[PDB]
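Worksheet for the structure shown next.
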Number of protein chains: 2
Amino acid sequence: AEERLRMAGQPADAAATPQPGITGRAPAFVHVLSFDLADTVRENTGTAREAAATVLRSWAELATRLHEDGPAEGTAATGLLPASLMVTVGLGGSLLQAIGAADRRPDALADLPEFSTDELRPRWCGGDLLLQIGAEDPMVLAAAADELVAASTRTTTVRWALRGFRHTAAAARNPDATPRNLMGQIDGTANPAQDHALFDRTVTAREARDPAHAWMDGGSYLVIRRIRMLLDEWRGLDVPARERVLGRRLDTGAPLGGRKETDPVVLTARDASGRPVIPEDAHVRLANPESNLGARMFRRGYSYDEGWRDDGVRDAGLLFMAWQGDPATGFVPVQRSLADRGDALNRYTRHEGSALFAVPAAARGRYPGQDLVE
Amino acid sequence: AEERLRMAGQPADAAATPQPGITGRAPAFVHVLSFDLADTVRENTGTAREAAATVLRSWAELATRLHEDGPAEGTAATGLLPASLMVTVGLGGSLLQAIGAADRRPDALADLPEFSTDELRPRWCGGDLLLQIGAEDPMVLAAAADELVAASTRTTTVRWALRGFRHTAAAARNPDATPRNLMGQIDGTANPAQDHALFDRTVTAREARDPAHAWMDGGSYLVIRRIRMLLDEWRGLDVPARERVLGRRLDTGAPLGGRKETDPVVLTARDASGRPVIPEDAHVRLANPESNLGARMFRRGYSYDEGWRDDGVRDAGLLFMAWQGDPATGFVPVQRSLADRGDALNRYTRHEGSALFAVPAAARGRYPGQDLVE
Ligand code: HEM
Ligand code: HEM
């Protein structure tokens, strides 16, 4: 009962680094918003930089109030508990271009490459600025998102936005169990544990050798992918076929040759026929760090459901979010493996949006990106 | 703590009448889906009737399993508590036309009139068939909706669908408190209490005098309105101005001349100037049964958030749902008062979708609409 109620009844840890929204338990709901600087503030790099400073300071001041007290009285969230409300601010490479700070762009903020399976909509890609807003309650989330967007109106425009969800802690039979996605799969098993030195090695940017790039010291890079799931096709597969696509069992989450969710995926194991226990094209084989020269990431994603598009196909799937110190040793080589080496999951998924954001560490009395912008 | 956990941890009352989804505590989430019979089943009224019988029986059988056991293993909801999952089935007047049952249409199923403030999109209006799916958890809801839509694929097509939300019970400081909407207003105060004879008088269809219409005995009629809120304009009003628009206080929900949420709205009360305490154009004045020759309804609505449309304006608002025994003595005269007599709330709202559905009573070993269709 205590763990069923904790997420909805407690505030987030506002001191979590680099910013709230990476460590700790992930709340049940997310709103991911990508913003562009308004066309009216782009006369020159100076007017763009002043706009960026205005909105980043405004968001930081409001985030501090939201973390400490919640959405104000007179909002949709009046009368509700803090529900683990957390606000994360991210900066796109395009922001640095727009404000005349190209020489401050770290190598890790390089644009993501195209991949062979991309079906990306340009209006769902990129963005100068990111807000990731999380909460255990949708009304707390809605009230915070409304306030934060209102603070941005004169300097920015919403480029794209997506709401996502997981199960709520209150509805979990076992509150410590790994969540499932819309394909019914246990989702998150192989993430590095947060109390582990592997977590910081995976998530935190490498200390800059160029002081122009040191504004990202202690920060992390977020890759977002909007991945539609082909759920009608997936529904046609029986359970053994679904498990062959993934490499893990649907009921237990165990690797196909194991017995428990936490048993290791043994990529060298062979069955009685001499063929691999984990199929050659199984998702967990091709995504494994062992298949990618050690590339690793922290996946903290959400499901989304946008209803039905005009052609009648369901638009629902995975709001994929991966955290790493450098996309070149995380998302990028792994996604190249999935795209080029024939991940069986490619038959049931479509990457339709994409963005990369730099998420700097919080600093006392300073707003995210201040030492970049000012 | 017990009331914070009850909605997420308990099944719905599957024996609630006319069907689940009207009485009891309303779950935090809803998915409203409107379906049309597929164009391929409309050769004649006989092929349409056979399609209707197929999908209604399929939905009823699946609803029985969902109410008793929840979404199956191998779905997104595996490992979750029942979360008050409830499924309601409704029938549109257009269904009765399509299956050759025009003489079975009760007078109360007459099409809603146009109102002077309508801004309705035709693709967001009407429908042959309704599913209202509710749950306290979004993954339980998503899994049930997926199964129910899958059961409908060969006979129907989704016409429109909208997901809605309230606060979760787990996040309520006071779990018995009335919910708020996206304008921050306390929403639901004047509803008839469920343990009250007024509730059944308000919600339940009047016993038919024509046996051809008796299939709706014990049922209710649902009016759905998709009402966009002009939240950016609303944000410009100070609190006294917001309260003047509504007629009730933002902090307490009391009528302007009262002290407590439950104090009566005294429409005859005058201030020291001789003017009404409750303004002449306040929403709660024009919506009051006293202003409408006793017309009354049971409002069981949800908030929605569909992001931003192509013109950049936020598409969020109220998924209005009103239950009554006859729209002519419920929704219709009240909406005519709001539209024609200048409700101040008209300045901040836009009705963009609309539907009327007949929701018949459940019967032992029979599916909703069986005695109409067979
Ligand atoms: C909708 C698309 C996807 C689905 C449904 C999906 C699902 C899953 C599932 C169920 C697992 C096993 C449990 C776990 O360890 O988390 C897994 C593992 C993993 N996935 Fe995905 N995934 C998707 C896309 C991606 C993408 C785009 C990437 C990276 C580019 C990725 C990287 C990984 C990694 C690194 C692992 C852990 C492998 C290991 O070390 O054992 N996934 N995925
Ligand atoms: C987005 C649009 C609307 C909003 C924000 C809104 C909000 C409210 C609020 C805050 C109350 C007071 C608390 C309560 O008694 O529930 C109220 C009362 C009421 N509303 Fe609305 N409403 C909207 C649209 C409508 C519509 C379309 C109808 C019917 C056609 C309606 C019918 C009523 C009724 C009957 C009452 C109770 C009046 C009484 O007996 O005191 N409302 N509404």
Side-chain angles (χ1 to χ4, degrees), chain A residues 115 178 180-192 223 225 227-229 234 245-248 250 253 255 261 264-265 267 283-292 295-299 301 317-320 322 330-339 343 345-346 348-351, chain B residues 115 178 180-192 223 225 227-229 234 245-248 250 253 255 261 264-265 267 283-292 295-299 301 317-320 322 330-339 343 345-346 348-351:
Chain A
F115 306 91
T178 308
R180 294 179 182 265
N181 62 28
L182 290 178
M183 276 167 169
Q185 304 160 325
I186 293 169
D187 180 350
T189 303
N191 272 328
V223 171
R225 302 286 281 206
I227 310 174
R228 182 168 60 88
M229 291 165 160
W234 186 249
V245 168
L246 179 66
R248 288 179 173 269
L250 197 63
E261 180 189 351
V265 181
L267 294 185
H283 180 70
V284 303
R285 169 176 295 275
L286 297 171
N288 194 294
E290 294 177 10
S291 302
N292 291 283
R296 188 177 287 97
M297 70 208 79
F298 172 55
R299 294 162 296 120
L318 177 64
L319 172 43
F320 171 95
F331 174 78
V332 173
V334 177
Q335 176 65 5
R336 190 168 285 123
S337 285
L338 303 183
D343 184 3
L345 205 46
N346 294 343
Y348 301 98
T349 59
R350 299 292 187 265
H351 289 234
Chain B
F115 306 91
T178 308
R180 294 179 182 265
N181 62 28
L182 290 178
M183 276 167 169
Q185 304 160 325
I186 293 169
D187 180 350
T189 303
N191 272 328
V223 171
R225 302 286 281 206
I227 310 174
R228 182 168 60 88
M229 291 165 160
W234 186 249
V245 168
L246 179 66
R248 288 179 173 269
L250 197 63
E261 180 189 351
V265 181
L267 294 185
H283 180 70
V284 303
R285 169 176 295 275
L286 297 171
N288 194 294
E290 294 177 10
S291 302
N292 291 283
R296 188 177 287 97
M297 70 208 79
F298 172 55
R299 294 162 296 120
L318 177 64
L319 172 43
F320 171 95
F331 174 78
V332 173
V334 177
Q335 176 65 5
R336 190 168 285 123
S337 285
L338 303 183
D343 184 3
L345 205 46
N346 294 343
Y348 301 98
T349 59
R350 299 292 187 265
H351 289 234

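In what follows, every heavy atom counts, from backbone to side chain, and hydrogens, waters and symmetry copies are set aside. By convention in this document, chain letters (A, B, ...) are assigned in the order of the sequence lines, proteins followed by strands, and residues within each chain are numbered from 1. Note that ligands are numbered from 1 as they come in the structure, with each ligand's atoms numbered from 1 the same way.
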Tell me the closest heavy-atom pair linking [X] and [Y], and the distance in Å.
| X | Y | result |
| --- | --- | --- |
| B:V265 | B:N288 | CB-ND2, 4.5 Å |
| A:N292 | A:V334 | OD1-CA, 3.6 Å |
| A:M297 | A:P192 | O-CD, 3.8 Å |
| A:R248 | A:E261 | NH1-O, 3.0 Å |
| A:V245 | A:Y348 | CG2-CE1, 4.2 Å |
| B:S291 | B:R285 | OG-O, 2.7 Å |

Q: Find out whether B:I186 and B:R180 are in side-chain contact, i.e. whether some heavy atom of one side chain is under 4.5 Å from a heavy atom of the other.
A: yes
Q: Report yes if some heavy atom in the side chain of A:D187 is under 4.5 Å from a heavy atom in the side chain of A:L318; otherwise report no.
A: yes
How far is [atom] from its nearest protein heavy atom, and which residue and atom name does that atom have?
| atom | result |
| --- | --- |
| atom 41 (O) of ligand 2 | B:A190 CB, 3.4 Å |
| atom 13 (C) of ligand 2 | B:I186 O, 3.4 Å |
| atom 35 (C) of ligand 2 | B:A287 O, 3.4 Å |
| atom 4 (C) of ligand 2 | B:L345 CD2, 3.5 Å |
| atom 14 (C) of ligand 2 | B:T189 N, 3.3 Å |
| atom 29 (C) of ligand 1 | A:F320 CZ, 3.7 Å |
| atom 5 (C) of ligand 2 | B:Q185 OE1, 3.4 Å |
| atom 20 (N) of ligand 2 | B:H283 NE2, 3.0 Å |

With atoms numbered from 1 as shown, which atoms in ligand 1 lie under 4.0 angstrom from a non-hydrogen atom of [X]?
| X | answer |
| --- | --- |
| A:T349 | 1 (C), 2 (C) |
| A:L246 | 8 (C), 9 (C), 10 (C), 11 (C) |
| A:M229 | 5 (C) |
| A:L318 | 1 (C), 2 (C), 3 (C) |
| A:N181 | 5 (C) |
| A:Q335 | 27 (C), 30 (C) |

Q: Please state which part of A:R225 comes within less than 4.0 Å of ligand 1, counting heavy atoms only: side chain, backbone, both or neither.
A: neither
**Q.** Contact partition for B:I227 relative to ligand 2, non-hydrogen atoms under 4.0 Å
**A.** side chain
(Q) Just to be sure I read this right, does ligand 2 sit under 4.0 Å from the backbone of B:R296, its side chain, both, or neither, counting only heavy atoms? (A) neither
Q. So, does A:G188 sit close enough to ligand 1 that a heavy atom of it is under 4.0 Å from the ligand?
A. yes
Q | Close approach of A:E290 to ligand 1, heavy atoms, under 4.0 angstrom | A | no
With distance as the sole test, does [X] use its side chain to make a donor-acceptor pair with the main-chain N or O of [Y] at under 3.5 Å?
| X | Y | result |
| --- | --- | --- |
| A:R228 | A:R350 | no |
| A:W234 | A:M229 | no |
| A:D343 | A:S337 | no |

Q) Hey, what do you get for CG (B:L345) to CG (B:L246), rounding to the nearest 0.5 Å? A) 7.0 Å
Q) Does an N or O from B:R299, backbone or side chain, lie closer than 3.5 Å to an N or O of ligand 2? A) yes
Q) In ligand 2, which numbered atoms sit nearer than 4.0 Å to a non-hydrogen atom of B:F331? A) 30 (C)
**Q.** Atom indices of ligand 2 within 4.0 angstrom of B:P289 heavy atoms, with elements
**A.** 40 (O)
Q: Report the relative orientation of the aromatic rings in B:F331 and B:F320; use parallel for angles under 30°, tilted for 30 to 60°, perpendicular for over 60°.
A: tilted
